[PDB]
């Protein structure tokens, strides 16, 4: 039809523009901004190069093929075009696999969120993934190892006006598992483990950094009291020079209302120390502390750190319920307090920790954990986009007549649109948002 060809022509043209512009933005943001020049972001540029090659050299020739219902670029470009396509998909899932293994080694090391690779070794890995994927992609195609022997396939290879990627059943099976299924199984197994590690490595220091935050300049809390660092109360007095003198005596330097990150962490270690010492020194808190597990012990310190040893000791009925290990009944009474009404988003997190004895309420709150969720989304959307195509790819090897050519090409295009989604997922990071609004002069 005449309205279908123009209507699909316009939407294909918008897909091509969105892939190219989005991916040049990612590549230049990392190239110009020092904050973004990290090992993880070098792997993300490997991924954005494949998406840019897909946008310029792969998607436009696939778009022309559908609108013209024929191949108008000759038998040479047909084989070269299929090779670049295969290479772009192969290098993409293998780099996602490398990101999963790299994040695993980081999360199971004392450095926790830093790669154990140097920026020089990361470049070698990327060139190694690009050279090997080049051999497995260009070589079987240009050597015609992929080629089917039935008459419909044989005639298509001869005529310059035909470019249907016919393959023998042995190539279709072998290249699908080595190019896609092998790195996909490793990535989902290894990255389900990084999430597990992140949640089970959460401590009281990371818990309070989520709840209190981190500010290196004097500010007023909800009580209008002067605070600094990770919830360090300076004074209840409404006087900034009286608050600035309390800093100077605590640090032993003319601070001038500003603290360095190394100084604020020293103040926080002292504050959590005073909290735990206040508990075992109190006759009402010590027995409730002794009857609690490591994570519920964190929830009780969190409370003493915020309201003081004497304030938490006033929660007699709630404390009695925690001692008897009756979490839901402890929760009803804790929720029926002024603590809950004043700071409810922090109170329901501490109350949920008491109900479950898990770190589930503190899940994907830390900046470093939000970063691991973004990577997981990039990984997940790619697999959702390409798995229907790769499933019907091996099903066609089982039974030929099971699926029509129309569904095969539509499921391939769902994979093609993925090449334009990744820049949009990078907007979850504030570092990328800042570079993008700068590059788009907003």
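Numbering follows the first chain given and starts at 1. Between two forms, the rigid core is defined as the largest C-alpha subset superposing within 1.5 Å.
Enquirer: What stretch shows more C-alpha movement in 5 other deposited structures of this protein relative to this form, 397 to 405 or 377 to 385, after the core is superposed?
Expert: Between 397 to 405 and 377 to 385, greater C-alpha deviation in 5 other deposited structures of this protein belongs to 397 to 405.
Enquirer: Which is farther from the shown form in 5 other deposited structures of this protein in C-alpha RMS with the core fitted, 280 to 288 or 339 to 347?
Expert: With the rigid core fitted, 280 to 288 is the stretch that strays more in 5 other deposited structures of this protein.
Enquirer: Pick between 244 to 252 and 176 to 184: the one whose mean CA B-factor in the entry is higher.
Expert: It is 244 to 252.
Enquirer: For the higher mean C-alpha B factor in the entry, choose 256 to 264 or 153 to 161.
Expert: The stretch with the larger mean CA B-factor is 256 to 264.
Enquirer: Sort 297, 103, 220, 349 by C-alpha B-factor from the entry and give me just the highest.
Expert: The record points to 220.
Enquirer: Whose CA atom has the top B-factor in the entry, of 191, 226, 354, 305?
Expert: Out of 191, 226, 354, 305, the record gives the largest C-alpha B-factor to 226.
Enquirer: Would the CA B-factor of residue 23 place it in the lowest, middle or highest third of its chain?
Expert: It belongs to the lowest third of the chain when residues are ordered by C-alpha B-factor.
Enquirer: Is residue 167 in the lowest, middle or highest third of its chain when residues are ranked by C-alpha B-factor?
Expert: Tercile = middle for this residue's CA B-factor.
Enquirer: Could you tell me which third, lowest, middle or highest, the C-alpha B-factor of residue 234 occupies within its chain?
Expert: Ranked within chain, residue 234 CA B lands in the highest tercile.
Enquirer: Compared with the other modelled residues in the chain, in which third is the CA B-factor of residue 41?
Expert: Tercile = lowest for this residue's CA B-factor.
Enquirer: Select lowest, middle or highest to describe the third in which the CA B-factor of residue 368 falls within its chain in this entry.
Expert: Ranked within chain, residue 368 CA B lands in the lowest tercile.
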